[PDB]
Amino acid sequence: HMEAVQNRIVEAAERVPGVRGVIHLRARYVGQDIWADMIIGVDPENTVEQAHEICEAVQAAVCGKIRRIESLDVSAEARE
C-alpha cells in the first residue's frame, strides 16, 4: 500500500549525494498516480545553488525509480 511506496521514496532520496535525511514527505494518490512533496536535509554550508542541484537530483532519482510518481516537489533545509 502507501507505506511501501513511501519507504521506497525515502530510500531513493537518501541515496542521492548530499541528502542528509528526508525531513518531510507527503504523498497522496490521484487515481493510480502518486503526487508528493518532500523536504530533504542538506549541509548548512552548501550554497543555495548546490541545495537546488541536490533537490533536482532527488527529483530525478525518485521519479526514475518509482514510476507511479507523476508529481514530485523537493525543497531543502539545513541539517546537521
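The first residue of the sequence shown is number 1, and the count goes up from there.
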Segment of higher mean CA temperature factor, 1-9 or 70-78: 1-9
Residue of maximum C-alpha B factor among 55, 42, 38, 30, per deposited coordinates: 30
Ranked C-alpha temperature factor of residue 16 among modelled chain residues, by third: middle
Within-chain third of residue 25 by Cα B-factor, per the entry: lowest
